[PDB]
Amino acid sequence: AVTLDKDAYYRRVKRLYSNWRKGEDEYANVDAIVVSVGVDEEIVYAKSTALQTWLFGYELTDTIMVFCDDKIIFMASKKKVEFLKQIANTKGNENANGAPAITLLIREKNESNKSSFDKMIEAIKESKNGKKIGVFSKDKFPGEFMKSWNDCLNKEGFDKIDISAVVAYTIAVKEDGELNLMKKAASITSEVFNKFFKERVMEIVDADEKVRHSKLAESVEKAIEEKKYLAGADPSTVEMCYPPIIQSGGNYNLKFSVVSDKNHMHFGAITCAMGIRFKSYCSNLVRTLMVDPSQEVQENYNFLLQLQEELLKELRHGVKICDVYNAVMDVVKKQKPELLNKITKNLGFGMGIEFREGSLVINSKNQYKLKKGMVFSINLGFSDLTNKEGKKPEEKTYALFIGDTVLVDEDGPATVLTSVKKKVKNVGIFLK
């Protein structure tokens, strides 16, 4: 009963084969592409499952995909194989040129899978030179099925070439349907921040509550189980991209790989990072809430806002990511040189099915050129700033962090998909 978007599959596997045949960078010496997923209880970010979601619309556990020059093999359970027959039996519809015919193999549950494994090995050895396979090196899923396959596969001594970075670029441009998913993700994130999170922080400050950052983060997690913030969306189609990160009181860490600590929230500079994943497509948002910020804090915050818009103006199709980076840093060197060693070393990253694309972060060295239809988290911060009027320890040090979900456009400045106002009028809390 689960429909596979056939047309989307044919377009995307065509893109994959086109880039692979073009043979630049990591694609150049690859004889076959081998992707396998095992057991996945935690739904982690992985190239292997991202590629599945891209091609099929869904993740498929205990599944192996082998892409050869004139054959494709998918191996999975009977039910997953039945699902895949929607694209394997082409019916003669002509959307199928540009990629090989599909062979489906059934994963036996309690019988040996040696014969199926042998078939796939043989296909690899027949594909192009038969010596080197393109793989996602980071990916290691648990379970019996992967163990048995990898034991079989490793006996052959194929050279393993990581193709994560080129596959990242191959799938980075979003189709309109995917854009719609990321737009909905972005608007849910915005609604949660606007209607739940900001009100909650406001409550806490007005009542002088003592709340641990970890507890506040939990409440944000619970909030998306409530349909009142989901604008019609099925609750089961919505997840957090990462546990919400709230920091304050001199203890900051302006990245997305750390969790909220257990300290009580301080009323000063409160950085708030959260993102919704809607039907496996990610969004991101960072806002800093400030209690009675001084003139000097506001001046820094407004400069941060200025840098962000400058970045968006430069984030255009055809320009190199590192040139964007340098244009923004030039503004810092020219206008506020004292902030050069305070600003985040990354100014954002490519975003999609996977939250943070490692080969597409905006830093000084990234050579990849932007294309229309790429979506980014654009994130900029200043840390280790001194509030000279602070008396308590928790008051002396602050940080400022903003972040938006952004689309590289047809022409001109990048378009913002998130919708949360961020002038000090909107994120300042004034107690007097």
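The first residue of the shown sequence is 1; numbering continues from there.
- [ ] Mind pulling up the entry and telling me whether 200-208 or 121-129 has the higher mean Cα temperature factor?
- [x] The deposited B-factors put 200-208 ahead on the C-alpha mean.
TODO: On mean C-alpha B-factor from the PDB entry, just flag whether 97-105 or 281-289 is the higher one.
DONE: Mean C-alpha B-factor is greater for 97-105.
Open item on the list: I'd like to know which of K227, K183, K80, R356 has the highest C-alpha temperature factor in the PDB entry.
Closed with: Of the options given, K227 has the highest CA B-factor in the PDB entry.
Task: Criterion, highest CA B-factor; candidates, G373, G38, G390, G403 - done: That would be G390, according to the entry.
Task: Chain-relative CA temperature factor third for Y398 - done: Its C-alpha B-factor belongs to the highest third of this chain's values.
Task: Chain thirds of CA B-factor: placement of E156 - done: Within its chain, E156 is a lowest-third residue by C-alpha B-factor, going by the deposited values.
Task: Ranked against its chain, the third holding the CA B-factor of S294 - done: Highest third.
Open item on the list: Please place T271 in the lowest, middle or highest third of its chain according to the CA B-factor in the PDB entry.
Closed with: As the PDB entry reports it, the C-alpha B-factor of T271 lands in the middle third of its chain.
- [ ] Taking the values exactly as deposited, rank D62 by C-alpha B-factor within its chain and report the matching third: lowest, middle or highest.
- [x] According to the entry, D62 has a C-alpha B-factor in the chain's lowest third.
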